[PDB]
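Here we start with a single chain on its own, the form deposited in one PDB entry, put down as structure tokens.
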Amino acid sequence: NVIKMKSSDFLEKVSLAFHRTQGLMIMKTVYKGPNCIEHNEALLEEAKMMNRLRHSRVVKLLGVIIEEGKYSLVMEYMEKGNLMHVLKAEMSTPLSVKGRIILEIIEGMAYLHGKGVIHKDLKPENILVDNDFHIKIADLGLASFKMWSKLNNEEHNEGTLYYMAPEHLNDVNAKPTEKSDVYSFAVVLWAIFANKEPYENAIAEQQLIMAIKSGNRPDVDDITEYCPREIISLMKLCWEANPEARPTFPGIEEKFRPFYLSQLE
């Protein structure tokens, strides 16, 4: 359940926050300025609906702060940051854990798709990791928070394409689908084993967009550490140019869970 929390609930732009009674949380204040009270109940219900997406692999929206001219969202604190932070830490992550993170991403995405939620911005920054290396899927760019996103863009307030299905590059009139997210997943799979972002040799945005739409993909030979052949096959399957040929997350799960259990766990 969501709390209509108050600024007063916290000790004296994104920022750490210590709730006076509940503890560490993440706050994004989305808006400062004129009153716009007419938006209040829609902002609250939208937060309620996002808060109703509950699953072990989906991040919890803990509270909102709705005040005279200050609107803030409050999220649970994931101790190890996002997945790229984890992949780029000095201490390595063993193959078993990488396999589990993949399985858990599949579960969160199957759950979301089960509820009719198309993420549209899946990427390592939206995959958060707790102290025990379990993951939760987040929506930090507010791609599913329609009203808060508009609130964030209002005039009187005070981006990466690596993971975008090629159908959406240079085409803002295509509607994203579940297969859009599957493509993103494919590139996340590559990042997990490369321990870095793809396309490091790309020079210009227009060169990248045109290259990916012509069929360029992340360089599989650039994976130095060991990567199971089945996982190389999965990412190639998941980033096929034809969206209708990419599998669903339930189809992915039925393949990868028995492979995870028998080979990587």
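Residue positions are given as counts along the sequence shown, with the first one as 1. Just so we're on the same page, rigid core means the largest C-alpha set that superposes within 1.5 Å between forms.
Although it is not shown, the form deposited in another entry is what the next lines describe.
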For this session: Scan 210, 232, 53, 202 for the one whose CA shifts by 2 Å or more between the shown form and the other one after superposing the rigid core, and name it.
Result: 202
Exercise. Against the rigid core, is the Cα displacement of residue 248 between the shown form and the other one at least 2 Å?
Worked result: no
Problem set entry | Relative Cα spacing, residue 202 and residue 214, in that other deposited form - shift of 3 Å or more | farther
